[PDB]
Amino acid sequence: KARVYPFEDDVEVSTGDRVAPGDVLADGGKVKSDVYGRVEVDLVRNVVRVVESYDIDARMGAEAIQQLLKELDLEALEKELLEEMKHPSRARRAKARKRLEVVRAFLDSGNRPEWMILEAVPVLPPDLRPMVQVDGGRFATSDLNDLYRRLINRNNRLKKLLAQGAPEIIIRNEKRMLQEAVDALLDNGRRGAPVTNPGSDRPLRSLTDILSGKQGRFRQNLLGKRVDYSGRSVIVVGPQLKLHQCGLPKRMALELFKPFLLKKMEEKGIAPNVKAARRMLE
Amino acid sequence: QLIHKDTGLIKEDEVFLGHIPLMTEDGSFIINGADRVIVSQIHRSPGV
Amino acid sequence: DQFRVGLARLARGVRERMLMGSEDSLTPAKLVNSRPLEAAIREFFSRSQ
Amino acid sequence: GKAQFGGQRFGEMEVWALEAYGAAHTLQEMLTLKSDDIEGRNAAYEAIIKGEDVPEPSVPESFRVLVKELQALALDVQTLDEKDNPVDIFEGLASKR
Amino acid sequence: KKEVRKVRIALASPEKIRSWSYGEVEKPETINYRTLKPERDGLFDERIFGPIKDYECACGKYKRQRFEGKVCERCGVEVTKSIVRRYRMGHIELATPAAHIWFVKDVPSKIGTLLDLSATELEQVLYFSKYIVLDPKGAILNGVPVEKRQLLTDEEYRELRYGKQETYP
Amino acid sequence: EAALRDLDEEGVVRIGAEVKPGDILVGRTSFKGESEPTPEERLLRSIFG
Amino acid sequence: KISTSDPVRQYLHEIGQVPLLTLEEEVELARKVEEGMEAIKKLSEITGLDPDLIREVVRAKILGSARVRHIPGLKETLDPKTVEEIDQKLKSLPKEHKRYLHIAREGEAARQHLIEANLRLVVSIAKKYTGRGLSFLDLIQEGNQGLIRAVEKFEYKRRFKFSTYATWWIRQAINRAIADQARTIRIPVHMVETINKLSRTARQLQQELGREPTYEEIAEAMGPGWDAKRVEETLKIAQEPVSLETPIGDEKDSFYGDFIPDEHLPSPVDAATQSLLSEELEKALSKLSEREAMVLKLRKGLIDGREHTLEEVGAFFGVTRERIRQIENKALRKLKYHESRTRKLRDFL
Ligand SMILES: [Zn+2]
């Protein structure tokens, strides 16, 4: 489906452009083409095939979506949906409000929809996802790095490809994969689940996972901390004790107050300085 | 015993690659120096 | 039963050998490997519930 | 450690109990100084050593850490005051450039 | 020296994001194994996250606390408590935009629940992988001129890009 | 040295010894801070050999 | 269907691909590419502009506009402005030259086709490089790029099948990336070689030897420069490694990490000690030879390298090493023994 436009005398454009009818085409202007499409260059009969393909923009993935978010005035839709609020008594009025509150929150508490999309992926400080040596020549880490890795890999690969003006397919496809890696990191399992490529097909503890440790319904979460001046032992009854008192193994007591104690020591001839008492009790 | 279509009956009568634990005179086991025990567990007998 | 798993896990191994196995350069234990079964049982006891 | 003891698992159940009484500080220091607030403890120790009073509780790594996790999840978490003005919990090592 | 009274939670401006990053990870490289070294421009490139040794650069050209916070004109690593390594954040710059799932698999899928898009059908279909929607313009048609933004398929897409062709052996 | 009274058997402590929390069942030595002596410590150390 | 979590199949619609690349076709396309580049060369030259630059252009246009990188690395190339500028230029060039244009044009377009048509050849290969340790996908895509290269680097002029040709490149890009991204830790290739080389042998040994041969055995077995403890270090180095998030024997709520302690940071004890240390130190320091007490400290105590005498001479920007020796002496000496009175740092060691 293309319009054969044979030419002769003057020249045209370059086999790939969108034309409909464009300012000029060929032969010193003796040629234009009210009809749309993209240029194809024949070099024999100085003829030109112009398949019709007006320039439309239909992108995939985020980019696309992202655009939309930007290209959107809330102040608008706001009062817009506001006009479905009661008018269609019960049917379309339901959805309306639903969709509407969102906005209000966005609209109100200053933010920007576009934000929900990504191109700037944060990274935890190292010592929070450390890499440490352990046993006779081996170390350990957090899955993140891994997650993180694969991700980077993908993105950088991607770059080249574009830099390679490659078939938008593999490209798209690539992006596709990338996106995956993306979420894969944020919250693993929310769609298909990746595991240590090798060994235990156990999933990798992702952000969310790690976070709320939701893989337990945040009902059994590992809630609790360890105290410093704590201690434990078995109990016995002290008939001697007076209500507000309680027996305490010196030995145990000792540790719990070491510092204070130390000080006192020093505070008394018996102990010249600190490290003294310190070792002095070791 | 591995044979061949040519009735090639070559029989390497040996393969001790794997060894398995033994049960003590009393009935327990020695795993990596640790006295280990195995608990006989129950289930739903196979039938209709 | 545990003996069987790593056992069956060896046959899997041995069957993957008929593929690139020579006419008769396969006979004995060139088709062999305990590790899989070795682990199974080993893994078993040692790390059994 | 081996020749060194561990700390008591202070949990919600105990938090709850404490709360009930109203010993704000304790619960704080309890979880901060006595546990997750780094700089604190040392400063704490020393203080005690010199026979001094106790400094105040900052943010528990647990939480800071948390913030990061969030951020790592592409999520700004902002500590603010009355005037609704952001506050750095990392006091610097967060502010860049 | 003072106290707080209000905590906030807002999305992150890529700007804000970038407003945090003490650098950008460009390299996967974890640590060099021969010496266990935070691979340069890698995930531990302390040039980004900081000294691994409080108050001290890489090449060591700088050490003592007597260099408060003076960057290295060589290893390009600052001088301060290595502790900051568990606090500073770096980023990655995405060649292409990627969606934050928590606004998709969470229903209403905020974003879609914001574009009259099927919290799945619509949203998913497109973004994730296979199908495309008409971004801004669509004059050409198949009977129906355009969809300000409605969905469309590949063959659909191409049957417009390449118009219509056919090979005959 | 009084802390070596019993663990004198060229590395190990001599059998049949009344040990108490804190004594040395066995003597071991390695290298810390990636075997880098503190400059702070440096000085101190020099002052006594 | 829904959570049709099988990118695989999708990409696998490569059957919708028309691999109908008969020899005659492949051929044709081939030359059409080389020529396309040769052209670019003329161009750049016949223009004084960079070649890569050119083709970069040639692409975009052929690559349609619905594909233009909204962020050409964020403004690198003015995708919407500096672009046409070139076009009208080239277009505004004589036929003889301008002809080369549509050549490269077709040239690139042709390329595209060629690529795709063999995207399956790709896959048919990745299959063999499975398990080695990398997402089939990643595998595919990598071989995919190795392919493109193969394309680039390819002289059709020498009559012979592309399949069999490129097939090579693919492999490389693959292994290439395998050695690269495989591990959690960056390690040399030659490293890899040997590593596998090892493991492999292990079998050929364990089997025969009936037992698990060790260093010695293998070190020997291995070859030219193989020491037991060498072997040793390798294995150690060839390890996976380990997750901190690994659940512990508790099998309930314990994780490796819950046990790894920190040593880089001083316990309030030490912290205090050092601060406490830093104290009396200078306490003594001050009441002493001003510039000469500071000397040693000013050197390593402030930066690095105390007693760099042959330096500290000009580091004092004056006196010679000869005298330095002396100073130290009395300095330290005079101190300690004086501090034998006022006992402070005496409680350290
Ligand atoms: Zn430096």
# chains A, B, ... in the order shown; residues from 1 in each chain; ligands from 1
>>> residues_around(residues="residue B:20", least_positions_apart="6", cutoff="9 Å", atoms="only C-alpha atoms", output="number ranges by chain")
C: 38, 41-42
>>> interface_residues(of="chain G", to="chain C", cutoff="9 Å", atoms="only C-alpha atoms", output="CSV table (one decimal) with N, CA and C atoms, in the first residue's frame")
chain,number,residue,atom,x,y,z
G,203,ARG,N,36.6,-35.0,39.1
G,203,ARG,CA,35.8,-36.2,38.7
G,203,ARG,C,36.7,-37.3,38.1
G,204,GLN,N,37.4,-36.9,37.1
G,204,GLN,CA,38.3,-37.9,36.4
G,204,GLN,C,39.3,-38.5,37.4
G,206,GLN,N,38.5,-38.6,41.3
G,206,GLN,CA,37.6,-39.2,42.2
G,206,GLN,C,37.2,-40.6,41.6
G,207,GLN,N,36.7,-40.5,40.4
G,207,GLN,CA,36.3,-41.7,39.7
G,207,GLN,C,37.4,-42.8,39.8
G,208,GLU,N,38.4,-42.6,39.0
G,208,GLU,CA,39.5,-43.5,39.0
G,208,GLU,C,40.1,-43.9,40.4
>>> residues_around(residues="stretch 224-234 of chain G", least_positions_apart="2", cutoff="8 Å", atoms="only C-alpha atoms", output="short mmCIF file (atom, residue, chain, number, x, y, z; two decimals) with C-alpha atoms, in the first residue's frame")
data_model
loop_
_atom_site.label_atom_id
_atom_site.label_comp_id
_atom_site.auth_asym_id
_atom_site.auth_seq_id
_atom_site.Cartn_x
_atom_site.Cartn_y
_atom_site.Cartn_z
CA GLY A 137 38.53 -18.05 52.32
CA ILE G 195 38.85 -23.11 37.85
CA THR G 214 43.59 -34.31 47.29
CA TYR G 215 45.87 -31.38 46.51
CA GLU G 216 48.98 -33.51 46.16
CA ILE G 218 45.71 -33.21 41.80
CA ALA G 219 48.48 -30.61 42.16
CA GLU G 220 50.45 -33.35 40.43
CA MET G 222 47.03 -30.72 37.21
CA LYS G 236 38.65 -21.29 48.72
CA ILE G 237 38.71 -18.55 46.13
CA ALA G 238 36.33 -20.50 43.87
#
>>> residues_around(residues="stretch 7-9 of chain G", least_positions_apart="6", cutoff="9 Å", atoms="only C-alpha atoms", output="PyMOL selection string")
(chain A and resi 173+176-177) or (chain E and resi 129) or (chain G and resi 136-137)
>>> select_by_dssp(residues="chain B", states="strand (DSSP E or B)", output="JSON, numbers by chain")
{"B": [2, 10, 29, 30, 31, 34, 35, 36]}
>>> write_last_selection(atoms="N, CA and C atoms", output="PDB file, in the first residue's frame")
ATOM      1  N   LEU B   2      27.279 -54.585  32.414  1.00  0.00           N
ATOM      2  CA  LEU B   2      26.993 -53.861  31.184  1.00  0.00           C
ATOM      3  C   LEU B   2      27.314 -54.712  29.960  1.00  0.00           C
ATOM      4  N   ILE B  10      30.653 -57.542  29.447  1.00  0.00           N
ATOM      5  CA  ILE B  10      31.776 -57.127  30.291  1.00  0.00           C
ATOM      6  C   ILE B  10      31.234 -56.779  31.680  1.00  0.00           C
ATOM      7  N   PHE B  29      23.586 -43.929  66.424  1.00  0.00           N
ATOM      8  CA  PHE B  29      24.539 -43.697  65.339  1.00  0.00           C
ATOM      9  C   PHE B  29      25.575 -42.635  65.656  1.00  0.00           C
ATOM     10  N   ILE B  30      26.693 -42.697  64.941  1.00  0.00           N
ATOM     11  CA  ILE B  30      27.774 -41.753  65.145  1.00  0.00           C
ATOM     12  C   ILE B  30      27.919 -40.866  63.947  1.00  0.00           C
ATOM     13  N   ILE B  31      27.429 -39.648  64.070  1.00  0.00           N
ATOM     14  CA  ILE B  31      27.515 -38.731  62.960  1.00  0.00           C
ATOM     15  C   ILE B  31      28.523 -37.646  63.247  1.00  0.00           C
ATOM     16  N   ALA B  34      29.372 -37.063  66.554  1.00  0.00           N
ATOM     17  CA  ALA B  34      28.214 -36.818  67.393  1.00  0.00           C
ATOM     18  C   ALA B  34      27.309 -38.025  67.460  1.00  0.00           C
ATOM     19  N   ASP B  35      26.884 -38.353  68.674  1.00  0.00           N
ATOM     20  CA  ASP B  35      25.963 -39.457  68.844  1.00  0.00           C
ATOM     21  C   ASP B  35      24.644 -38.890  68.350  1.00  0.00           C
ATOM     22  N   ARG B  36      24.137 -39.514  67.302  1.00  0.00           N
ATOM     23  CA  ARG B  36      22.914 -39.085  66.668  1.00  0.00           C
ATOM     24  C   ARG B  36      21.859 -40.159  66.832  1.00  0.00           C
TER      25      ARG B  36
END
>>> residues_around(residues="residue E:1", least_positions_apart="4", cutoff="12 Å", atoms="only C-alpha atoms", output="list in words")
residues 55, 56, 57, 58, 87 and 91 of chain D
>>> write_last_selection(atoms="N, CA and C atoms", output="CSV table (one decimal), in the first residue's frame")
chain,number,residue,atom,x,y,z
D,55,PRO,N,23.6,11.2,78.4
D,55,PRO,CA,23.2,12.0,77.3
D,55,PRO,C,21.8,11.6,76.8
D,56,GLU,N,21.3,12.3,75.8
D,56,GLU,CA,20.0,11.9,75.4
D,56,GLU,C,20.0,11.0,74.1
D,57,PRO,N,19.0,10.2,73.9
D,57,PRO,CA,18.8,9.3,72.8
D,57,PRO,C,18.6,9.8,71.5
D,58,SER,N,19.3,9.4,70.5
D,58,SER,CA,19.2,9.8,69.1
D,58,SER,C,18.3,8.7,68.4
D,87,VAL,N,14.3,17.4,58.7
D,87,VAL,CA,15.4,17.2,59.7
D,87,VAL,C,16.2,16.0,59.4
D,91,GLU,N,22.5,13.7,60.6
D,91,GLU,CA,23.3,14.9,61.0
D,91,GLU,C,24.6,15.1,60.1
>>> interface_residues(of="chain B", to="chain G", cutoff="12 Å", atoms="only C-alpha atoms", output="PyMOL selection string")
chain B and resi 14-19
>>> residues_near_ligand(ligand="ligand 1", cutoff="10 Å", atoms="only C-alpha atoms and all ligand atoms", output="MDAnalysis selection string")
chainID E and resid 47 56:63 70:79
>>> write_last_selection(atoms="N, CA, C and O atoms", output="PDB file, in the first residue's frame")
ATOM      1  N   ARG E  47      34.542   5.527  47.113  1.00  0.00           N
ATOM      2  CA  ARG E  47      34.689   6.895  46.650  1.00  0.00           C
ATOM      3  C   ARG E  47      33.291   7.471  46.768  1.00  0.00           C
ATOM      4  O   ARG E  47      33.108   8.656  47.038  1.00  0.00           O
ATOM      5  N   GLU E  56      40.164   8.509  56.603  1.00  0.00           N
ATOM      6  CA  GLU E  56      41.255   7.976  55.809  1.00  0.00           C
ATOM      7  C   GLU E  56      40.878   7.664  54.384  1.00  0.00           C
ATOM      8  O   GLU E  56      39.897   6.971  54.128  1.00  0.00           O
ATOM      9  N   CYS E  57      41.678   8.168  53.454  1.00  0.00           N
ATOM     10  CA  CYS E  57      41.419   7.947  52.042  1.00  0.00           C
ATOM     11  C   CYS E  57      41.822   6.540  51.621  1.00  0.00           C
ATOM     12  O   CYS E  57      42.199   5.705  52.450  1.00  0.00           O
ATOM     13  N   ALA E  58      41.738   6.300  50.318  1.00  0.00           N
ATOM     14  CA  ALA E  58      42.067   5.011  49.736  1.00  0.00           C
ATOM     15  C   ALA E  58      43.561   4.826  49.633  1.00  0.00           C
ATOM     16  O   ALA E  58      44.161   4.081  50.410  1.00  0.00           O
ATOM     17  N   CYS E  59      44.155   5.505  48.658  1.00  0.00           N
ATOM     18  CA  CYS E  59      45.584   5.413  48.441  1.00  0.00           C
ATOM     19  C   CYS E  59      46.330   5.714  49.727  1.00  0.00           C
ATOM     20  O   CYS E  59      47.538   5.519  49.807  1.00  0.00           O
ATOM     21  N   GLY E  60      45.608   6.191  50.735  1.00  0.00           N
ATOM     22  CA  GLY E  60      46.231   6.476  52.016  1.00  0.00           C
ATOM     23  C   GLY E  60      46.925   7.818  52.103  1.00  0.00           C
ATOM     24  O   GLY E  60      47.432   8.193  53.162  1.00  0.00           O
ATOM     25  N   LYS E  61      46.952   8.547  50.993  1.00  0.00           N
ATOM     26  CA  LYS E  61      47.589   9.859  50.959  1.00  0.00           C
ATOM     27  C   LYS E  61      47.092  10.719  52.114  1.00  0.00           C
ATOM     28  O   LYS E  61      47.724  11.706  52.485  1.00  0.00           O
ATOM     29  N   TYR E  62      45.956  10.329  52.681  1.00  0.00           N
ATOM     30  CA  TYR E  62      45.361  11.046  53.796  1.00  0.00           C
ATOM     31  C   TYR E  62      44.952  10.082  54.897  1.00  0.00           C
ATOM     32  O   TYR E  62      44.358   9.036  54.631  1.00  0.00           O
ATOM     33  N   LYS E  63      45.266  10.445  56.135  1.00  0.00           N
ATOM     34  CA  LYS E  63      44.944   9.592  57.259  1.00  0.00           C
ATOM     35  C   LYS E  63      44.430  10.325  58.494  1.00  0.00           C
ATOM     36  O   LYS E  63      43.221  10.476  58.662  1.00  0.00           O
ATOM     37  N   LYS E  70      38.676  16.651  54.027  1.00  0.00           N
ATOM     38  CA  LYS E  70      39.248  17.103  52.774  1.00  0.00           C
ATOM     39  C   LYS E  70      39.359  15.956  51.790  1.00  0.00           C
ATOM     40  O   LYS E  70      40.100  15.012  52.023  1.00  0.00           O
ATOM     41  N   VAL E  71      38.611  16.046  50.693  1.00  0.00           N
ATOM     42  CA  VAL E  71      38.613  15.019  49.655  1.00  0.00           C
ATOM     43  C   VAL E  71      40.023  14.723  49.159  1.00  0.00           C
ATOM     44  O   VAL E  71      40.949  15.535  49.310  1.00  0.00           O
ATOM     45  N   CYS E  72      40.175  13.542  48.569  1.00  0.00           N
ATOM     46  CA  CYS E  72      41.458  13.140  48.034  1.00  0.00           C
ATOM     47  C   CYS E  72      41.552  13.590  46.596  1.00  0.00           C
ATOM     48  O   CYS E  72      40.702  13.260  45.768  1.00  0.00           O
ATOM     49  N   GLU E  73      42.606  14.353  46.323  1.00  0.00           N
ATOM     50  CA  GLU E  73      42.881  14.876  44.995  1.00  0.00           C
ATOM     51  C   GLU E  73      43.422  13.737  44.141  1.00  0.00           C
ATOM     52  O   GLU E  73      43.760  13.936  42.974  1.00  0.00           O
ATOM     53  N   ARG E  74      43.494  12.544  44.732  1.00  0.00           N
ATOM     54  CA  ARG E  74      43.992  11.357  44.043  1.00  0.00           C
ATOM     55  C   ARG E  74      42.955  10.241  44.015  1.00  0.00           C
ATOM     56  O   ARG E  74      42.280  10.049  43.001  1.00  0.00           O
ATOM     57  N   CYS E  75      42.818   9.501  45.112  1.00  0.00           N
ATOM     58  CA  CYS E  75      41.840   8.421  45.143  1.00  0.00           C
ATOM     59  C   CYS E  75      40.406   8.962  45.084  1.00  0.00           C
ATOM     60  O   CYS E  75      39.446   8.209  44.903  1.00  0.00           O
ATOM     61  N   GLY E  76      40.274  10.276  45.234  1.00  0.00           N
ATOM     62  CA  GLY E  76      38.968  10.899  45.165  1.00  0.00           C
ATOM     63  C   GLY E  76      38.006  10.441  46.235  1.00  0.00           C
ATOM     64  O   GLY E  76      36.792  10.474  46.043  1.00  0.00           O
ATOM     65  N   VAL E  77      38.541  10.002  47.365  1.00  0.00           N
ATOM     66  CA  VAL E  77      37.703   9.562  48.469  1.00  0.00           C
ATOM     67  C   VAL E  77      37.857  10.548  49.615  1.00  0.00           C
ATOM     68  O   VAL E  77      38.962  11.002  49.910  1.00  0.00           O
ATOM     69  N   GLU E  78      36.741  10.872  50.257  1.00  0.00           N
ATOM     70  CA  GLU E  78      36.730  11.810  51.375  1.00  0.00           C
ATOM     71  C   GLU E  78      37.443  11.274  52.611  1.00  0.00           C
ATOM     72  O   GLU E  78      37.941  10.149  52.625  1.00  0.00           O
ATOM     73  N   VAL E  79      37.476  12.093  53.656  1.00  0.00           N
ATOM     74  CA  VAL E  79      38.112  11.712  54.902  1.00  0.00           C
ATOM     75  C   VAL E  79      37.186  11.941  56.095  1.00  0.00           C
ATOM     76  O   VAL E  79      36.906  13.086  56.469  1.00  0.00           O
TER      77      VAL E  79
END
>>> select_by_dssp(residues="chain F", states="alpha helix (DSSP H)", output="MDAnalysis selection string")
chainID F and resid 39:46
>>> write_last_selection(atoms="N, CA and C atoms", output="tab-separated table (two decimals), in the first residue's frame")
chain	number	residue	atom	x	y	z
F	39	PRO	N	49.00	4.28	65.05
F	39	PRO	CA	50.06	5.29	65.17
F	39	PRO	C	49.99	5.81	66.61
F	40	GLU	N	48.77	5.87	67.13
F	40	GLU	CA	48.52	6.31	68.50
F	40	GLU	C	49.29	5.35	69.39
F	41	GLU	N	48.94	4.08	69.27
F	41	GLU	CA	49.56	3.01	70.02
F	41	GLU	C	51.05	3.03	69.76
F	42	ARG	N	51.39	3.23	68.49
F	42	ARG	CA	52.78	3.29	68.05
F	42	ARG	C	53.57	3.98	69.15
F	43	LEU	N	53.46	5.30	69.21
F	43	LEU	CA	54.16	6.09	70.22
F	43	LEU	C	54.23	5.38	71.56
F	44	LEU	N	53.07	5.17	72.17
F	44	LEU	CA	53.01	4.53	73.46
F	44	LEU	C	53.99	3.37	73.50
F	45	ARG	N	53.74	2.39	72.65
F	45	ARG	CA	54.58	1.20	72.56
F	45	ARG	C	56.08	1.49	72.57
F	46	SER	N	56.51	2.45	71.76
F	46	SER	CA	57.92	2.80	71.68
F	46	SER	C	58.51	3.20	73.01
>>> closest_atom_pairs(of="chain D", to="chain A", cutoff="10 Å", atoms="only C-alpha atoms", output="CSV")
residue,atom,partner,partner_atom,distance
D:5,CA,A:231,CA,8.7
D:6,CA,A:226,CA,7.6
D:7,CA,A:226,CA,4.5
D:8,CA,A:226,CA,4.7
D:9,CA,A:226,CA,4.5
D:10,CA,A:225,CA,4.9
D:11,CA,A:224,CA,3.8
D:12,CA,A:224,CA,6.3
D:13,CA,A:224,CA,9.0
D:14,CA,A:224,CA,9.0
D:15,CA,A:224,CA,8.8
D:29,CA,A:227,CA,9.6
D:30,CA,A:227,CA,6.8
D:31,CA,A:225,CA,6.7
D:32,CA,A:227,CA,9.1
D:33,CA,A:228,CA,8.4
D:34,CA,A:228,CA,5.0
D:35,CA,A:227,CA,5.2
D:36,CA,A:225,CA,7.8
D:41,CA,A:228,CA,9.0
D:45,CA,A:259,CA,7.4
D:46,CA,A:259,CA,8.7
D:47,CA,A:259,CA,9.8
D:48,CA,A:260,CA,6.2
D:49,CA,A:259,CA,5.6
D:50,CA,A:263,CA,6.9
D:51,CA,A:263,CA,6.5
D:52,CA,A:260,CA,9.8
D:62,CA,A:225,CA,9.6
D:65,CA,A:128,CA,7.4
D:66,CA,A:211,CA,7.2
D:67,CA,A:124,CA,9.9
D:68,CA,A:124,CA,6.1
D:69,CA,A:207,CA,6.6
D:70,CA,A:211,CA,8.0
D:71,CA,A:122,CA,6.4
D:72,CA,A:122,CA,4.7
D:73,CA,A:186,CA,5.5
D:74,CA,A:122,CA,6.0
D:75,CA,A:122,CA,8.9
